[PDB]
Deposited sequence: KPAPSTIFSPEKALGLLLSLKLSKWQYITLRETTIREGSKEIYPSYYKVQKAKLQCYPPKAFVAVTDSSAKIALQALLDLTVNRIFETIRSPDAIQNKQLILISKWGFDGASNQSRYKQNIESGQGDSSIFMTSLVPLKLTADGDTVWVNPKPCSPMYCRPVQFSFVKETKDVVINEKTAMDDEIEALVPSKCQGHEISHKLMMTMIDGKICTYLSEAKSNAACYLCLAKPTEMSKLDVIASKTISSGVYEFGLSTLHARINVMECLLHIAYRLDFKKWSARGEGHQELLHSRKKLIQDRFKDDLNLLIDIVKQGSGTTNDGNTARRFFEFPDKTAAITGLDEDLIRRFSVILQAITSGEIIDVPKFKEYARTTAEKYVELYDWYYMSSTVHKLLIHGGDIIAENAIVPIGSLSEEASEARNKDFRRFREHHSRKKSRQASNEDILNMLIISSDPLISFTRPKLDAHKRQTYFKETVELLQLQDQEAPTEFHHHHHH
């Protein structure tokens, strides 16, 4: 009847951030100018919001938290995709797989001191290996569906109590049905920030190799994501600790350092290298940490690899080995798609330049796995790079959470307030609703080490400053 559909009227409601009274006025005014069939009455817009929700049985809201049954959320996402974003029925026998990434991050909105929200982004819906639907900007907030948020300051224990809880549900989800087709989900925990990567890093030690025990005949199990994490989660820490273990057994060339009078001069050179490094960058070193052993944070480990040349010249290690390690890792966490065949040979060349040069130190299982087997993961799981929502993108999500809470929630009760915030986080991330944003300006294209560009494929849309 009218011109605006109730589904695109909603897109106008959200792109303009209009409030209920503002939209009712926007309708009534342009009704009084005579033009009658322009916008739907807010009753219809509500009805149209009602289609974007999961059924009320699976969304539970409390004064502190709001969570959606992951199964129902995925069912809803698939339902929307098939409803509108396809020319349907062109695939009636083919097998249907929806590949999706997920994660979580805590924000500090300056009680509602901080929010710990789990998010899920469907990346790709594939029919029998062939692409039906893609996510046009997989590093932007336009499809970041919520799973749960809670007003609990992010701690280490809550992250574990959330990962185990979400994984015990990922294992249980059976495929979701829609208009006769049966779609199966493939979830990858990829939207992991830095400090959460540190918190979950508790895989401290393993056998010589679960796979290698050289042949690869020991197969791979991919569910629950544990491998990708333990292998390449960001990794950045467990290579730097081993490089430091080399940097202290350097004068003596022995891995089992219980030999004659070594440990004391090990600690003495440990003190000297640490003095010179605290001199040149004013950054602390691995020396002592209370939990899980002596370690460092990634916010220092990045500067460890920022100038591989200088740290290697000061620590007494080869420049080019640290350069190539800073290249292989800066290709993992670059956020750009990884050219797997090239990366396999670069990792091989690095493993060689390492072991043909360093034999007195034997390869720990973490450095064994990043180089010898790390390249296989990006191919076998075809993962989006370890990147998660952009700097600007995560800022947009957090700013819009604050906005939905302050200006667009009903103050009748606390539960109604989180209900509004959640059922707006769902609308504003629907795969149906066209919902515009202010045009982004071009950034300087992020520079990486020269050997990384040959490693990546730089046709993508992503504009981070600190972390992609």
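Novice: Ranges lacking C-alpha coordinates, please, mapped onto the deposited sequence and listed in sequence order.
Specialist: Those stretches are 1-4, 115-125, 229-236, 258, 493-497, listed in order.
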